[PDB]
Protein chains: 2
Amino acid sequence: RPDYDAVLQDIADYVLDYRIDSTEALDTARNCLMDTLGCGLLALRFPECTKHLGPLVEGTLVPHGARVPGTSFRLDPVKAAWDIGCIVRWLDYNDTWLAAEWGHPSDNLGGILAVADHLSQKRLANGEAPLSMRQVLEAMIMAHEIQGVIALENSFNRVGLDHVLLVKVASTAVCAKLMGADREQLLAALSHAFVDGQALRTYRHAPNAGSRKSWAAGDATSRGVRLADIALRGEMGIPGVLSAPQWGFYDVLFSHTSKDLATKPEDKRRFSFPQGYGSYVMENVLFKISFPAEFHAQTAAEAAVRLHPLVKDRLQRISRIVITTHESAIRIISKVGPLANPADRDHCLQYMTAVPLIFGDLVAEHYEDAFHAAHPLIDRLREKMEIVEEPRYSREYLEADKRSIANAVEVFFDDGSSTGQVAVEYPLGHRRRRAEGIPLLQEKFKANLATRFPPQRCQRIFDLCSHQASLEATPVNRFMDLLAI
Amino acid sequence: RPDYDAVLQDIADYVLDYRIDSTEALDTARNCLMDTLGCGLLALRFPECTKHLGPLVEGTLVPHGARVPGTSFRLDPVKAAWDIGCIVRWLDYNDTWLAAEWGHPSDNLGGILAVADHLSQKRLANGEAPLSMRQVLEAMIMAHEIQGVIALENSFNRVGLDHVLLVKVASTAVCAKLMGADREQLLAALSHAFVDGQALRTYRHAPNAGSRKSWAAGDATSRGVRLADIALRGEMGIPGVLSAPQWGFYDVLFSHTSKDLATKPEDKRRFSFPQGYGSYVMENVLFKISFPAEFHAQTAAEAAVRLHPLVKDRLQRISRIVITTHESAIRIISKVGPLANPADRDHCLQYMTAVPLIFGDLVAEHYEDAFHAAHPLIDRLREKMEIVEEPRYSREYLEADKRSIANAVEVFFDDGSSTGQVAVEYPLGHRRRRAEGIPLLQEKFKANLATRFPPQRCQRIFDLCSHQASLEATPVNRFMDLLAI
């Protein structure tokens with residue numbers, strides 16, 4: 001019987017022994033928590049979301065049960081994790097990680113919060129200390145790292161699998177540690193997350209797309225709670241889950257590309273890593289805090305809004321519009337021709353640049369059919385647009401020290417005049433612009449709070465969340481009381 | 001947005017519209033119910049099994065909760081289906097279907113009983129009539145049919161996936177029916193079973209095998225209950241889940257053999273069927289009622305107990321033992337050389353032929369290293385055992401009018417004489433020996449009941465299960481009452 005594959009061991013040793021010493025990671029983890037909870041609160045206005053929430057059997061009584069913020073539910077950790085994971089991801093406004101695999105590592109808050117809430121209450125009733133919110137922040141940082149770092153070079157999308165398996169893996173490990181797993185239990189849990197069935201991503205792709213794109217994450221972090229619980233009950237592990245021949249994850253599920261059914265070269269049938277596990281992912285995570293736009297177009301629309309006062313007058317006089325960009329924006333979001341659905345304008349670099357040049361703003365209303373086929377000047381600006389890749393933009397898109405998403409917009413006029421090239425290399429949600437965006441993230445948190453809580457409670461919630469040292473010192477159960485109903 | 005894939009529509013129209021009036025199907029389903037429940041009761045003596053049972057949070061109260069037979073547990077139907085499916089499969093004594101895919105369709109009783117128990121109670125508490133056991137028998141027949149008919153020609157271990165996904169699909173189907181689903185809800189439920197993740201089978205193969213081989217099924221019927229309930233909450237479906245290019249089940253998971261990572265010829269990249277759905281599987285299902293041995297050797301062990309009085313005192317005169325068998329037994333349980341643990345001996349045709357040849361019997365005690373060593377004659381005879389494939393046996397193993405599992409044994413002596421050749425082509429648990437097998441199935445139920453209930457309760461349970469018409473008219477909640485504690 002082999003020992004555990006090393007990928008599982010390296011996660012295990014990280015989760016158990018790594019000491020987070022980055023105060024920036026702790027800071028932005030705190031802001032992630034606020035941002036993520038606000039997203040969840042807002043989703044409670046959407047009955048296609050809320051129809052999933054609550055106990056499986058009405059009237060069920062769970063001692064010391066975990067709370068779902070914004071509700072009165074008290075559930076076992078496994079269903080509370082499902083519910084929280086569900087609401088914080090539902091509207092696709094939560095944090096993002098863009099790499100070989102795309103993902104939303106804040107989704108892991110479902111498992112973290114539900115397990116830590118339940119366990120503080122249980123320990124309190126036994127005369128022991130509760131867990132502190134400091135420990136949920138550390139759990140988030142590690143969940144981010146595990147998911148984000150595996151995603152740096154490993155794409156599940158290309159083998160036809162949803163990215164939600166990283167949520168399941170990361171949640172299993174971080175929830176196993178919150179439950180007090182030792183090394184052998186932790187490794188056992190990780191092997192069950194990899195032997196587990198992994199969801200297809202069929203529900204993310206037309207003509208079969210659907211609202212499971214919104215709850216796959218919560219269902220994954222929930223399953224991570226359940227796999228940790230199983231390992232804590234003492235279940236044995238599967239040591240060669242990844243490497244085993246014929247039967248292992250690598251041969252069965254990571255050895256063929258979905259587009260063509262081709263076998264991968266042997267050197268590519270494993271996970272590969274350019275770095276270890278630290279606190280890189282939380283430090284460099286993207287927040288959605290400006291224009292509602294695909295991230296590759298975020299800096300393009302910011303330049304177009306600034307360019308507005310030099311094009312607002314005589315938009316007809318516009319002759320040439322040049323959008324200099326990075327290559328992935330050209331691959332994923334550059335589109336020519338008719339924009340039929342609101343999903344097509346969502347994914348058109350020219351559409352999302354024409355609207356803020358004309359109106360000085362890009363809001364979610366500007367994608368509805370009645371708007372596009374009402375202002376033909378959008379299509380007029382759109383045919384005038386030339387998109388040129390900048391080598392430097394595309395390379396520093398990949399450079400680990402930079403991780404740019406850079407766009408530059410220059411509008412020319414029929415007389416030969418131009419405005420000059422407004423270049424924006426980093427979107428407002430980026431690490432480089434934290435001093436700028438963190439106030440926007442906070443006003444977005446205050447607005448999300450106000451859709452669920454009265455002003456008295458809103459201020460009390462914000463004040464605690466604004467105070468790092470007081471937040472960290474707060475028991476998880478006392479933090480969760482603030483969030484109920 | 002396409003219609004649902006034809007496979008899903010065929011399953012749904014069968015589940016909603018097919019009327020079950022087959023007298024033999026309903027009689028063997030009632031014997032199937034006894035045998036399955038008695039198997040699960042026996043598992044309660046095994047802490048590795050019982051460590052998985054009960055609520056996730058100790059002390060949880062579930063109004064109208066489903067019961068787990070042989071325990072005092074009262075759970076939601078998802079956890080209840082997990083525990084029932086876990087316990088009835090744990091010891092690998094429950095019924096079997098051998099085809100392109102092997103399986104144990106009785107695993108679906110976990111989802112069927114938990115849903116039908118909870119729903120009867122909840123309906124009683126709102127003044128509605130409860131479900132009857134006739135409905136659980138019909139749900140078993142349908143679940144047996146969906147799983148066992150897909151397994152006729154579609155092998156999932158050749159693509160490196162556990163067969164348990166057929167438990168999830170069938171349990172999803174019949175539980176959605178019991179919950180009252182209409183056609184659009186049942187289609188959506190079915191589509192979520194296929195888009196779901198499908199476990200690897202690493203845990204069934206050395207050197208990684210472990211006890212998840214015992215609870216994978218309970219985990220799969222539990223997941224089926226959960227997805228059925230997701231569909232009844234109105235969640236939209238995924239219509240081209242199987243046939244979608246690139247993202248569908250066929251392209252991602254059914255397109256490669258895991259031996260060699262070789263792509264299948266195009267025409268075989270989908271499920272094939274030799275017939276439609278009816279009541280075929282349950283009528284031809286296999287019960288384990290004779291010796292405790294791997295199915296491919298039950299007629300071998302039988303042919304040896306017959307040969308035992310003719311050799312019982314000439315053991316040192318045996319010079320050649322010829323075992324004429326079928327192609328699957330040779331491949332799966334023909335093992336020369338040392339046998340480390342009981343699992344080896346459990347899956348070694350020569351062992352399960354030699355022991356009965358010597359001691360006129362075969363029980364679990366014989367798979368003990370202590371018993372093995374105590375008698376060196378086992379290996380003397382194992383080394384004299386010539387295994388030969390009969391082409392007929394292998395063909396009739398496959399033909400749908402027969403489903404033979406055949407073993408002929410012949411014993412030769414140093415002086416050149418021999419016994420005859422004793423051929424047993426059908427094991428006792430086969431449809432062709434229903435008459436003789438049913439006495440043994442009932443005695444096996446009676447013994448297993450007696451490891452858990454005192455004699456008068458054992459009598460009430462046996463007497464009720466004995467009478468087809470009485471059992472069928474019994475409310476599910478009252479049947480489950482008898483099985484508590």
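A, B, ... follow the sequence lines: proteins, then strands. Residue 1 opens every chain. Because only heavy atoms are used, hydrogens play no part in the values below, and waters and symmetry mates are left out as well, while side chains stay in.
- A donor-acceptor distance shorter than 3.5 angstrom exists from the side chain of A:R1 to the backbone of B:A209, with no hydrogens or angles considered.
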Validation: residues 58-67 of chain A side-chain donor-acceptor distances under 3.5 Å, sequence neighbours left out:
{"unit_1": "A:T60", "atom_1": "OG1", "unit_2": "A:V57", "atom_2": "O", "d": "2.7"}
{"unit_1": "A:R67", "atom_1": "NE", "unit_2": "A:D117", "atom_2": "OD2", "d": "3.1"}
{"unit_1": "A:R67", "atom_1": "NH1", "unit_2": "A:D481", "atom_2": "OD1", "d": "2.5"}
{"unit_1": "A:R67", "atom_1": "NH2", "unit_2": "A:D117", "atom_2": "OD1", "d": "3.1"}
{"unit_1": "A:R67", "atom_1": "NH2", "unit_2": "A:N477", "atom_2": "O", "d": "3.2"}
{"unit_1": "A:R67", "atom_1": "NH2", "unit_2": "A:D481", "atom_2": "OD1", "d": "3.1"}

Evaluation steps, side chain to side chain contact (heavy atoms under 4.5 Å, CB included), between A:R226 and B:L56 | CA-CA 9 Å; A:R226 177 75 169 119; B:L56 301 163; 3.7 Å; yes

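- In terms of non-hydrogen atom pairs under 4.5 Å with chain A, the most contact-rich of B:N157, B:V78, B:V241 is B:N157.
- Summarising the geometry, atom OG belonging to A:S243 is positioned 7.5 Å from atom CG belonging to B:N208; distances are rounded to the nearest 0.5 Å.
- Counting heavy-atom pairs under 4.5 Å between each of B:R204, B:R223, B:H118 and chain A puts B:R223 at the top.
- Atom CD of A:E48 has 12 or fewer neighbouring heavy atoms from other residues, nucleotides or ligands inside a 6.0 Å radius.
- The CG atom of B:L253 lies 12.0 Å from the NE2 atom of A:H256; values are rounded to the nearest 0.5 Å.
- Contacts between A:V195 and chain B at a heavy-atom distance below 4.5 Å involve backbone atoms as well as side-chain atoms.
- Within the 4.5 angstrom heavy-atom criterion, atoms from both the backbone and the side chain of A:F249 approach chain B.
- Within residues 158-166 of chain B, the residues that have a heavy atom under 4.5 Å from a heavy atom of chain A are B:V159, B:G160, B:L161, listed by number.
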Kindly indicate, with the supporting measurements, whether the criterion salt bridge (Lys or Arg N to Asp or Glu O under 4.0 Å) is fulfilled by A:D196 and B:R212.
-> CA-CA 11 Å; A:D196 231 42; B:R212 177 158 177 165; 2.8 Å; yes

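- Of the residues considered (B:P2, B:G210, B:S211), B:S211 shows the highest number of contacts with chain A, using heavy-atom pairs under 4.5 Å.
- Atom OG of B:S255 is separated from atom CG of A:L261 by 5.0 Å, given to the nearest 0.5 angstrom.
- Heavy-atom distances place no part of A:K264 under 4.5 Å from chain B, backbone and side chain included.
- The stretch residues 205-237 of chain A participates, sequence neighbours left out, in these ring-ring contact (aromatic ring centres under 6.0 Å, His included) pairs: A:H52-A:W215, A:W82-A:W215, A:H205-B:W247, A:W215-B:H192.
- The distance from atom CG of A:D219 to atom CD1 of B:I230, rounded to the nearest 0.5 Å, is 6.0 Å.
- Note: B:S258 leads B:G240, B:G234, B:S258 in heavy-atom pairs under 4.5 Å with chain A.
- Taking the side chain as every heavy atom from C-beta outward, A:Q246 and B:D260 never approach each other to under 4.5 Å.
- Of the two parts of A:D229, only the side chain, counted from C-beta on, holds a non-hydrogen atom closer than 4.5 Å to a non-hydrogen atom of chain B.
- Residue-environment remark: CZ (A:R270) stays at or below the threshold of 12 foreign heavy atoms within 6.0 Å.
- The neighbour count for B:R233 CZ, taken as heavy atoms of other residues, nucleotides or ligands under 6.0 Å away, is above 12.
- Remark: side-chain polar atoms of B:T202 are not paired, donor with acceptor, to backbone N or O of A:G248 under 3.5 angstrom.
- Residue A:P245: no heavy atom, backbone or side chain, is found under 4.5 Å from chain B.
- Applying the salt bridge (charged side-chain N to carboxylate O under 4.0 Å, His left out) test to pairs two or more places apart or on separate chains, those with a residue in residues 235-250 of chain A are A:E235-B:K51.
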